[PDB]
Amino acid sequence: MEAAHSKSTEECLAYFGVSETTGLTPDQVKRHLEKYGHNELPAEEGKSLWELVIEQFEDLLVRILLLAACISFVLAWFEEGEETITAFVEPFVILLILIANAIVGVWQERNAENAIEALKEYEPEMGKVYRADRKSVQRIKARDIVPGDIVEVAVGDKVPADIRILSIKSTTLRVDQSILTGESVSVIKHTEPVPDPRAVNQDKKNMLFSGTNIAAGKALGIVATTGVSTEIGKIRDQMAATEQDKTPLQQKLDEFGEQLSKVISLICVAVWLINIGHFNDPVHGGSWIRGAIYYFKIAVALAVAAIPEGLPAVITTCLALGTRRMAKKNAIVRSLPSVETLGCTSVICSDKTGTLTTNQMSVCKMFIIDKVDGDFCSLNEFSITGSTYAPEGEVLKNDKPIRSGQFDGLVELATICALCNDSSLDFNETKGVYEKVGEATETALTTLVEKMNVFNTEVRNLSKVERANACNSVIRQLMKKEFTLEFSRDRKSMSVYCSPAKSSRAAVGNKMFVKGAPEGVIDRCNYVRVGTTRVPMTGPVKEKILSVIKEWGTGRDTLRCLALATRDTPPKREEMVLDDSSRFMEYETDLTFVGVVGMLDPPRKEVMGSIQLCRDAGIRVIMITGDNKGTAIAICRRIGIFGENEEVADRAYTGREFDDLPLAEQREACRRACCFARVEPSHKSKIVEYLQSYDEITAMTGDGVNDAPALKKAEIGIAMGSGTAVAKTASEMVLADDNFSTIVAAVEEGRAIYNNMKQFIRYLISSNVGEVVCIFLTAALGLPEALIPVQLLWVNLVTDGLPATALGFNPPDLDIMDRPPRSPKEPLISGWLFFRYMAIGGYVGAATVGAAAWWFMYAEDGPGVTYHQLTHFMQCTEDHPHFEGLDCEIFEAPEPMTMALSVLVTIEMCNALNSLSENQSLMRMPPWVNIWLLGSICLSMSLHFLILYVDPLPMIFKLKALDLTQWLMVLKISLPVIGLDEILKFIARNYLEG
Ligand SMILES: Nc1ncnc2c1ncn2[C@@H]1O[C@H](COP(=O)(O)OP(=O)(O)CP(=O)(O)O)[C@H]2OC3(O[C@H]21)C([N+](=O)[O-])=CC(=[N+]([O-])O)C=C3[N+](=O)[O-]
Ligand SMILES: [K+]
Ligand SMILES: [Mg+2]
Ligand SMILES: [Mg+2]
Ligand SMILES: [Mg+2]
């Protein structure tokens, strides 16, 4: 039954056909279960199935490397008639890397969700119904509640379904709806229909919503909606329809691959076309394969040589360590490339209740009467530190710690807060936090008493369980609560009747403690207490009170105020009737004013500073709450979204205000406004969608069910640890300790990750360029091969593979978060940076062939051949006239190849130092800054000196120990690459941009 809110109670009972007193007949229950089903959502699919491994292979970089692994495998398997390993090793080790690259991927999010599921422990939901089976109320399974079921709820009960209220057994019924509507205060329910057409759940005050909590009172209702049809279920399907693209980092790596897939196709056809004349016609050789496609085969192999091969591992490595860093900061991350997405965020959309605030009422201000000199009235005002239900906090007077006990007025103020209270404080030892029992407004008073400690009770050696109501149990030993006068709307206050206990100080008679709305309570006061003494209510005194209450009610410190009073001479209890609550206001007269407490749903202490750090980084914060506008504006002014006296007007919109604007004017209002209040869960995603329409990477921070669709819509969703389950599943990042200052740390991380990522990409791609140039120059000049694929394989994975990993530990700049977020359209690799590594890449290729050629001609240790003999080494034969005094085996010597390899590994160690910064000289920013890099240089160089002197390795890498003087030549070739990059860096500093 949809829209049950807009229909009368008797109209709802007719829809299912069930008496209010009897209940559902088992015949009806059986029919109502086949026409509506079980009250539950589809099974939780937070299980990482083994089909989600293909998601790790959606990255085309891995796919390119996978494709390059397959086209490097086939040409060596069916050709050349050689089953050696040299051509076979690279095919499977690439495949061995990729399968291992996918391991960490499906293990990270698996380890993540196992920590997210740990956040909420199993507490099976139940429900209380009335049926024709038994007259007594029977507690049944929550899932077995059908629409049309007569359901009663009491204080503390979690509403099992979307229920239309029928009758409120108590005077008033308060319902906490923070997790669904973001409403900071509990709502009072009625039974009358709401004929509002465009009504939000917040306007539907005649129904109970599933998932919400009952604050106070009890009522009996009719279930109008169950299962996925409920307001929670509607959102579950709402986010199920919500679709998001790949993470900004993941899609930025993809476009780099599309650029690398082009040069892979470019050099594949370039080598194929330059050898024209030989191709496009069958020549002497290769008749088994028509067309002589031999030139195509060597072109494909050369294209594969351009792939950094080791790169898809060094990237995942960098993200992996950056993830556990956040884990140290109690931040759980779903996907690996989601650790960067917060580093390129332009707008952070945050929810209010539960996210920006603790969602726990806290008494922060509090005053009593100090002196009454007829015309002069002074007050004793106090401040209370805290922001949670925890008994942790001290009472201050004029920002100085005081003992509440030495104030007689405060002792009585506590006595009222402890006795006139139907709520308690409990310590959830499972979650390790303090939770409320009943109404938040009263629990705040309970917390206040525990913090005050008016009798100075030692509580040091008490467990957190019995600490929750320690100071309150001391007060409750003094007076005996005879009965309580429940809250009523016409009066807006409540009171309790108390008689002394244990005959202690029986000189005084019974008392009556009252609390309620200030103006209403004070109007019924005739006396004000000054410590222990009482004086009449004078005009000036009356004014001094109301002036402060009005001040605390608005402005700088907008609070929820509450006046506290006692009735020194209460009526005899036999002359009081507790049947009609309209008599209660009269009983609460001739009162004595004691004091007033100020409370609010306070912002988290880390929120204000975090917002400023985001602003300094150029990240605009925007509040999106379902709470009323007044509270929203007030919170914004405290955290720094708005100024103390800043004129908001159309920088803040409500649900209706925003829904009345045309679509064109709606998206333009999302770049101006920074506060949207009284907002449906639908609008939250729409605001995110609008910000994304201007190509802005926007984040979302929430905790409630109404935040779920927006948490999923954003590029990155951030869920609070003390939030709903659906919010946790809809997000990628989960703050485990609700620390808001973790976000700004995840921004610095994401900016440090991306910057370092550009570095070891440029570092690895430059090496492969040199290799391609080397292989090409060899085939161009007809020289002996300088580098064999087995050597380059070892290099790109080990020797310059892990120094690239050490580049992921480059120190963050000081100007890392004083600059705006990077541009979305801005590419990972630019045309300038392309030329930059292509220039040093070209040098590497020319240096490698030059090193080997040096050994053949001008090296004293070498044969000293001429250039013609070197370029015609294949025409060499025994006793060849043009090769006099030379063995043709000298062109297969391992010594010149060692030169080409030692010049390659050394030129990368120098390039590693240049890869420290992008535009900073080594003279300005010294190379001894990164100690992680230097360690990688030594280890890789250690292996290089290990790969020459060990003896078995030179026999498989075709190498030999280098000469003591020949090493000096290597340094005279490798070192200039520093000066090359230093030149490129020089015309970058204030010459490329200045
Ligand atoms: N309009 C109203 N309708 C119903 N109750 C009201 C009320 N206005 C105040 N109260 C009751 O007045 C107090 C101050 O209002 P506050 O928080 O400053 O709001 P204001 O700005 O002054 C008025 P606004 O809505 O036009 O903006 C409130 O405390 C309790 O009920 C409230 C309460 N509770 O959970 O909220 C619980 C409770 N018990 O016992 O559980 C008792 C209250 N009480 O007053 O006794
Ligand atoms: K997300
Ligand atoms: Mg290779
Ligand atoms: Mg919230
Ligand atoms: Mg108000």
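Thresholds applied
- Residues numbered from 1 in each chain as written, not as in the entry; some residues may be left out.
- Chains lettered and ligands numbered in written order.
- Heavy atoms only, no water.
- Salt bridge = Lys/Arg side-chain N within 4 Å of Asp/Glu carboxyl O.
- Buried < 20%, exposed > 50% of the residue type's maximum accessible area, 1.4 Å probe, protein only.
- Helix = DSSP H or I, 4+ residues; strand = E, 2+ residues; numbered from the N terminus.
- Pairing = 2+ DSSP bridges.
- Contact = heavy atoms within 4.5 Å.
- Axes fitted to C-alpha atoms, helices over the stretch in contact; angles between N-to-C directions.
- Donors = N, O, S within 2.8 Å, 3.2 Å for Na, K, Ca; no water.
- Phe/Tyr/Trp six-rings, centres within 6.5 Å; stacked < 30°, edge-to-face > 60°.
- Disulfide = S-S within 2.5 Å.
- UniProt positions renumbered as here; feature names shortened; annotations may be inferred.
- Near = heavy atom within 4 Å.
- Polar contact = N/O pair within 3.5 Å; in protein donor to acceptor, adjacent residues only side chain to side chain.
- Nonpolar A, V, L, I, M, F, W, Y, C, P; charged D, E, K, R; others polar.
- Domains from an automatic or database assignment.
- Buried area = accessible area lost by both parts, 1.4 Å probe.
- Core = buried A, V, L, I, M, F, W, Y, C linked by side-chain atoms within 4.5 Å.

Novice: Outline the pattern of salt bridges, listing residues and values.
Specialist: The tally for this structure, following the rule as stated, stands at 39 salt bridges. As a salt-bridge pair, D254 and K246 come within 3.6 Å of each other at their nearest N and O atoms. Using a relative accessible area of 8% as the deciding quantity, one classes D254 as buried. Look at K246 and you get partly exposed, because its relative accessible area is 35%. Where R524 meets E588, a salt bridge forms, and the shortest distance between an N and an O atom there is 3.0 Å. Within this pair, whereas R524 is found in the loop between α15 (518-522) and β20 (525-530), its partner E588 is found in the loop between α17 (584-587) and β23 (591-600), the two being separated by 64 residues in sequence. The burial state of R524 is the same as that of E588; both residues are buried. Salt bridges linked by common partners bring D196, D203, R656 and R678 together as one network.

Novice: Mind laying out the sheet that holds strand β5 (residues 174-176), listing which residues take part and the relevant values?
Specialist: The strand order β6-β5-β8 describes an open sheet built from three strands, whose pairing is antiparallel. Lying at the two open borders of the sheet, with one neighbouring strand each, are β6 (187-188) and β8 (213-216).

Novice: Explain the sheet that holds strand β3 (residues 150-153) to me, and be specific about the residues and the numbers.
Specialist: Here six strands make up an open sheet; going across it, the order is β2-β1-β3-β9-β4-β7 and the pairing antiparallel. Only two strands of the sheet have a single partner each, and these edge strands are β2 (138-141) and β7 (207-208). Inspection of the sheet shows strand β1 (residues 126-130) paired to β3 by two bridges, in the antiparallel sense. Paired with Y130 across the two strands is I150, which belongs to β3. Running at roughly 125 degrees to strand β4 (residues 162-168), helix α1 (residues 9-16) makes contact with β3, β4 and β9 (219-225) of the sheet.

Novice: Explain the coordination of the potassium ion (ligand 2) to me, using residue names and the numbers behind them.
Specialist: Protein coordination of the potassium ion (ligand 2) is provided by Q244 (OE1) and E732 (OE), with donor distances spanning 2.8 to 3.1 Å. With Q244 in the loop between α7 (231-241) and α8 (248-274) and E732 in the loop between α24 (725-729) and β29 (733-735), this pair connects stretches of sequence that are 488 residues apart. The partly exposed category is assigned to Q244, whose relative accessible area is 25%.

Novice: Quick one: what's the story with the packing of aromatic side chains, residue by residue and with numbers?
Specialist: Taken as a whole and judged by the stated rule, the model has 24 aromatic pairs. Between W832 and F835, the aromatic rings sit 5.5 Å apart at their centres with planes inclined by 40 degrees, giving tilted as the arrangement. Of this pair, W832 and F835 both sit in helix α28 (residues 831-857), separated by three residues, roughly a single helical turn. By relative accessible area, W832 is classed as partly exposed at 28%.

Novice: Tell me about the UniProt feature "disulfide bond" in the protein chain, and please be specific about residues and values.
Specialist: Only sulfur pairs under 2.5 Å apart are read as disulfides, and the UniProt pair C876 and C888, at 2.0 Å, is one of them here. With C876 in the loop between α29 (867-871) and α30 (894-914) and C888 in the loop between α29 and α30, this pair connects stretches of sequence that are twelve residues apart.

Novice: Tell me about the site of ligand 1, and please be specific about residues and values.
Specialist: Around ligand 1 sit 15 residues in total, of which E439, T441, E442, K515 and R560 are the nearest. Separating an oxygen atom of ligand 1 from a side-chain N or O atom of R174 is a distance of 3.0 Å. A517 places a main-chain nitrogen or oxygen 3.4 Å from an oxygen atom of ligand 1. Of all the secondary structure elements, the ones that give two or more residues to the shell around ligand 1 are α13 (440-452), β18 (493-500), β19 (511-516) and β22 (560-567). For the shell around ligand 1, the leading source of residues is β22, giving three residues. Tallied by class, the residues present in the shell around ligand 1 amount to six nonpolar, three polar and six charged.

Novice: With reference to specific residues and values, describe the domain arrangement of the protein chain.
Specialist: By domain assignment, the protein chain separates into domain 1 (11-54 + 113-240), domain 2 (55-112 + 241-345 + 746-994), domain 3 (346-358 + 603-745) and domain 4 (359-602). Listed by partner, the interface residues are eleven residues for domain 3 and ten residues for domain 4. Regarding the contact of domain 3 and domain 4, the summed buried area is about 840 Å², with carbon and sulfur atoms giving 47% of it. The largest per-residue losses of area from domain 3 upon contact with domain 4 belong to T358, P603 and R638, which jointly make up 57% of the total buried on that side. Across the contact surface, domain 3 and domain 4 share one salt bridge. Across the pair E644 and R556 runs a salt bridge whose closest N-O atoms are separated by 3.9 Å. On the surface where domain 3 and domain 4 come into contact, there are five residue pairs in polar contact. When residues of the side of domain 3 that touches domain 4 are traced back to their parent elements, those giving at least two are α11 (352-356) and α19 (629-639).

Novice: Quick one: what's the story with the side chain of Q202, residue by residue and with numbers?
Specialist: Looking at the secondary structure, you find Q202 in the loop between β6 and β7. The exposure class assigned to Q202 is buried, which follows from its relative accessible area of 4%. For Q202, the side chain forms a polar contact with the main-chain oxygen of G626, separated by 3.0 Å. Residues in contact with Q202, not counting those within four places in the same chain, are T181, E183, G626, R678 and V679.

Novice: Requested: an account of the state of the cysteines, with residues and values cited.
Specialist: Tallying each qualifying case throughout the model produces one disulfide. Paired through a disulfide, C876 and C888 show a sulfur-sulfur distance of 2.0 Å. Here the disulfide of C876 and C888 is left-handed, its torsion about the S-S bond being about -85 degrees. For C876, a relative accessible area of 13% corresponds to the buried category. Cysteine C417 shares no disulfide, and the gap to the nearest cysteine sulfur, in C420, comes to 8.7 Å. Looking at the unpaired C670, the closest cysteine sulfur is the one in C349, lying at 8.4 Å.

Novice: Can you explain the nonpolar core? Please cite residues and give values.
Specialist: With 145 residues, the main nonpolar core has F676 and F760 as its most contacted residues. The leading source of residues in this core is helix α25 (residues 741-781), at 15 residues. Those residues within four positions of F676 in sequence are excluded, and the remaining contacts are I622, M623, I624, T625, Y653, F658, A669, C670 and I687. Core analysis: the next-biggest nonpolar cluster, separate from the first, contains 42 residues, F382, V411, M452 and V454 among them.

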